[PDB]
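In structure tokens, the next block holds one chain alone, the form deposited in one PDB entry.
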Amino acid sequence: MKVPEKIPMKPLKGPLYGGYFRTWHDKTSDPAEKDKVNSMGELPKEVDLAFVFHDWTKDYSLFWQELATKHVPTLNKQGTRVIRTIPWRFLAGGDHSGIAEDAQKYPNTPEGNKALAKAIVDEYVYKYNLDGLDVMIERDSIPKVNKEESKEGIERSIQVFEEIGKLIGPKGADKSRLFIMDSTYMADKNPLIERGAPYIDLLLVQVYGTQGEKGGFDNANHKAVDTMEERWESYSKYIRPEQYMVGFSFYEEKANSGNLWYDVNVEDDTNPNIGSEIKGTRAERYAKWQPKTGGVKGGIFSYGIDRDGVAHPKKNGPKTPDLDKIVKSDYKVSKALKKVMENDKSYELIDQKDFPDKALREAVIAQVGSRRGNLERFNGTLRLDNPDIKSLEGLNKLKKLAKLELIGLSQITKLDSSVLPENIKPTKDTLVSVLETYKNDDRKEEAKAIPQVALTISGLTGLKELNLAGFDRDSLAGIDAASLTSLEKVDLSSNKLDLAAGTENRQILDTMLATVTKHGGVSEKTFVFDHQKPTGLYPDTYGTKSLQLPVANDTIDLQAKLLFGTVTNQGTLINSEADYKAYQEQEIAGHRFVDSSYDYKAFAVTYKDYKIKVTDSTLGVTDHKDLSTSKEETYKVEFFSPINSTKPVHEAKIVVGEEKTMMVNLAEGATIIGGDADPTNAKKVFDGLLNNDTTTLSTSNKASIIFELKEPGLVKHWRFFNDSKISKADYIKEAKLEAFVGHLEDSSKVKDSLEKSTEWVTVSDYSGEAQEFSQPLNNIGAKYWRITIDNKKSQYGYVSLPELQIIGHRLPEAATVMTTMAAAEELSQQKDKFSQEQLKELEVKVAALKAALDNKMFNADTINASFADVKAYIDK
């Protein structure tokens, strides 16, 4: 076989129509059976990408013979690229992987994977001098071994996919060949896009039928998921809009349920050619669809393009299989769809009408796009640095620009709305989507806010007039006023500017003022700025984090004393209402700039629905907005926004009377050493959460848990909770807390047996139907604990325990500190071989250790000092 050299071809210029031709429908493959009448080489000019989709069961040696020698030159002359389609599998190996099945010749090694990539390109692209490679990524193509997903194979495919990428495509050694990814996944569930995106020319998404167009439906929230715009946005961070192509499907002969997409016209006896009519179908809708941002899409494609012109059936209608017969396609659907996209507003050419200044056009084509759908969709940054610009006419046609940069445009005289993007001011999306929508959907409903373009101006030495009135700009940043030397008339009115004190807006405003007045032009009609309505923000920080209080009788409002204020973008805190009355009267040159209209209640943010969490030193928490200083504590005060219930916007430190150190829960996430309670439910007794609606039960009627503190400490308090209001009298009624005397560890090899059967010390036992029982503990420095509970109900009483806290200070070696003290109240008890005052000297160095362990301002270093003192005196 001699294969011709590639016919020379134009570069691709969109929009693009692709089509998957199935090899068993070429009359050279299996004509006595499947197909006698169709041929891939008959594809029209309107097809830009002809995809060879092959049944790998079978050889069709005459097809590949006919493809390389006759079909490819024919298609290339009309300008149609021929793309080979291979499965995901082929890049992994194992269980129908084509070339990669030769695991010995191409082992899963860094150099074997480079070898497999070269073999893939040669075998599937170069052998027949095709125009590119298409790897489709879906469930039918997923890497498998013995019919089971290969996480190994998927991971390997990511390595071969980019070895292919540096062989062919935009980053490869042969950029004439195209590298294409075809998929059904949204980027999140495409394991191959992120490393693979830099390596591909085009990206195709298979979105057939209703669910492709409208997306999936979330039955719970009653909205659409995985929509067209959602699917585009998922991929929008890996590709450019011109790389995106969407696919519909033709009716595959003898297709079964699931593969009935209804993307083309349904049968109608009275119109034998209704398929080949294209208006009103999903294929046309897809041809017309354009993402609302970024830019216009690259085109569309079709699966089973050999079936072009066959109408869909509909199942609950006629059982007649008269459509499953194979006929010859005139490809009228494909031609019509290609012409729809080319005669579309979106793909019109940006020309003299839009930007007559050509240096401005050549700066718009290259940074926005060559087509008008991009002015109404582009999403990013347009810098204008070419000084040869004579006129900024047409930027008003940019509708969604993110950032306009005016740099060194000396020859530009005036700035107004007509020479700025429409989203200099608040606007909403004017584009109406083309797709059918879910009929029971509550999403969308309204137009979307188009964010306001950031404007940067520096170097316009010929700018005289600058008008941004009524544009609702939040700030003036990006304007280097110190280089706008020609300024004569200026207007910044009816915006949201701060322009006060040392706000950077003022530095800009005053710098312009000097220039305008140095021209001799302060006159009110020139340089105006009034009627500003600065937006009020929540302060990024809050200043007061401590307040010392006496011991008296009051009810202090924590919010009014700790959480207040409103900030601007330029940074102006107004903690009190009076501050604003001083703000409104701040003046330029004798002129108020804050609108009369705008009151404190409109500017200040509201802490109305904010909520509180005040924790005492014993680790107890209430939810009340006002504190009683009647008795002495040290507190911890946190404030939470309604935006997030568990991330504090402000933390404070209240000290009523003398400071008390803040104790910790030594028991959080403690590990269940034993007991008789449910292990998966018992671990939630220490998950640092009270209202465990995650089912915080333990047994039927009487339970016990043996647990180990992660970090042994100095225990001085505990509390435990019952199932909120979630229950009535199921409330625990008896509870027994025990600790372990270290030495009694019978056989330290095990931990469960030597404790479930041994001797313990009862540190507290309790009786009552109380809601939250809290109590101090006479020291205790144990590591292994036991809790026993009982709701005094019958068998099958299902006792629960939401949260138990073993509360104290973390002091390492606390046991030994307590047993050495124990060995000290030992010795001072007897008088043998103790002088009267020699004992006295010991008894003081004992209570000095006691008093250190009891000073509520826990000083670990000092406790350890007094311990080493008492421990050494026990040594002698």
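In case it trips you up, residue 1 is the first one in the sequence shown, and so on. Superpose the two forms; the largest set of C-alphas matching within 1.5 Å is the rigid core.
- Of the two segments, 653-661 and 377-385, the one listed with the higher mean B-factor is 653-661 (C-alpha atoms only).
- Checked against the record, the higher mean CA B factor of 292-300 and 416-424 lies with 416-424.
- For the set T695, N221, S150, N343, the PDB entry assigns the largest Cα B-factor to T695.
- Across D226, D557, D678, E123, the greatest Cα temperature factor reported in the deposited entry is at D557.
- In the deposited entry, the Cα temperature factor of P44 places it in the lowest third of its chain's modelled residues.
- The PDB entry assigns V3 a C-alpha temperature factor belonging to the middle third of its chain's modelled residues.
- Ranked by C-alpha B-factor against the other modelled residues of its chain, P776 falls in the middle third.
- When all modelled residues of the chain are sorted by CA temperature factor, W24 is found within the middle third.
- Residue-level temperature factors show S764 in the middle third of its chain, judged at the C-alpha atom.
Heads up, the form deposited in another entry isn't pictured, but that's what we're talking about next.
- Core-based superposition between this form and the one not shown shows that, of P387, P426, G742, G216, only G742 has its Cα displaced by 2 Å or more.
- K70: CA moves less than 2 Å between this form and the one not shown after rigid-core fitting.
- In the core-superposed comparison between this form and the one not shown, the C-alpha atom of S727 has shifted by at least 2 angstroms.
- A movement of the C-alpha atom of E841 reaching 2 angstroms or beyond is seen between this form and the one not shown when the two forms are aligned on their rigid core.
- Expansion of the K444-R372 CA spacing by 3 Å or more is recorded in that other deposited form, set against this form.
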